[PDB]
């Protein structure tokens, strides 16, 4: 009965439709070795503590086809049953031809048979442990197994507990830019396919001729993109679920060279190749392990496009990362999924939290508690209207802030500069919001930031003068956007409340102290409807 999940894109906005309405993945992803029935008891408690609505978890080629033609979906059976018992949804991660550039999750009969399923050859003739996207046997084998997984979901997942599939994991190659095998050179030292030369507005020729100094990297990205599109089409012909690829990001400011980063993945410089080569892949999702605000903000900008829904398919699970939920959703993002949210005795520190404990989880639970009570309403406003979101824009001071060695004039100057940086403006049409971080709930002492950095805010427009507002360790203040020609302005009314059956239910009116000094949020959840008014005095 249930309509298929679908990614919609209209008027440069996006929605992930689940059960016929926009949905936000408030996600969690397991560690990489939790894809087994015995591991799930170490997954669910963290997911319930986090309040996540969707679990991302691997389904490995080596586990569903351990002997060629001998399929085993015993894990998928247990996973679907246990997800449904907990009323959560699933994103399955197809670990196959590539998992972090390598074939470690391909069956032994694949990854130990280089002649049938061939590896990238470097220019010097050394071989890398990265399967070539020009291996036709490898493409056929991956596609065949992925089709069998999709047939399992077609037959056994009629209500779409699984809402989306990631095809491969962090594709590309470390250690070279492309395959330089004889097989690969015969394709490289030849015409660029008609279809790519058209989609990019370029002149006919060989890879070297039309792309020059980008030929090696664009060639790898196109061939991988084509490989992933073919797997994707084969699977969607069985069940047309949304499907996506995740990116082992290059640093957007100082990337270095392809092969230092994972060459051929959907890095920012080849998104045009990926979009032209792989029209069947719904979106290209960034995997975010940069901790600093400016780099993360740049990633969110680069991956949010009229042709690309923003899904933060992975993000580090350390404390600093939780606040990026707010700009992700403010960009119209469809979801956010911290990595390593299970108690299987692993942490990917230095990428994530040094320690995995209930405090680690709580940093994400606290932000999820702001969005879960309005998730369907937010998702619709994000698609059909105007939303905004911001995070605290200074990172935690390093055990260095050099700050103490500064002079006592350099210091008041430091404090004014920090207060300015911790003050964000948002243009909401007739009204602006100013968001500030780390100050009392009364009076106007300048902001000093939270320790550690943690704050954020979400705003959705309900009407010309009315906004839905929730924020965290932050003050939000409204003002007129344009000079008012004689008129004055006030807050007309602030209500705290909730949605029941899609209707607003008031709990209380914020007024007095609670609205004299902006709208002040701590760690606790409050959903507000704010109505502003200009009024005549003359």
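Residue numbers count along the first chain shown, from 1.
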| query | Is residue 404 missing in a third or more of the other PDB entries that were compared? | reply | yes
| field | Where residue 401 meets residue 402 in the shown sequence, the number of deposited residues left unmodelled | value | 1 to 3
| said: Quick check on the record: does 185 to 193 or 245 to 253 carry the larger mean Cα temperature factor? | reply: 185 to 193
| request: Check the entry's C-alpha temperature factors for 409 to 417 and 337 to 345, then say which stretch has the higher mean. | output: 409 to 417
| note | Of the residues 78, 315, 163, 276, the one whose Cα carries the largest B-factor in the deposited record is 276
| Reading the B-factor column of the entry, which of 45, 497, 486, 37 has the highest value at its C-alpha atom? | 486
| remark: Tertile call for residue 478 (CA temperature factor, within chain, third-based) is the middle
| remark: Here the Cα B-factor of residue 423, set against its chain, lands in the third termed middle
| field | Position of residue 357 among the chain's modelled residues by C-alpha B-factor, lowest, middle or highest third | value | middle
| Entry-reported Cα temperature factor of residue 141, expressed as the chain third it lands in | highest
| request: Select lowest, middle or highest to describe the third in which the CA B-factor of residue 11 falls within its chain in this entry. | output: highest
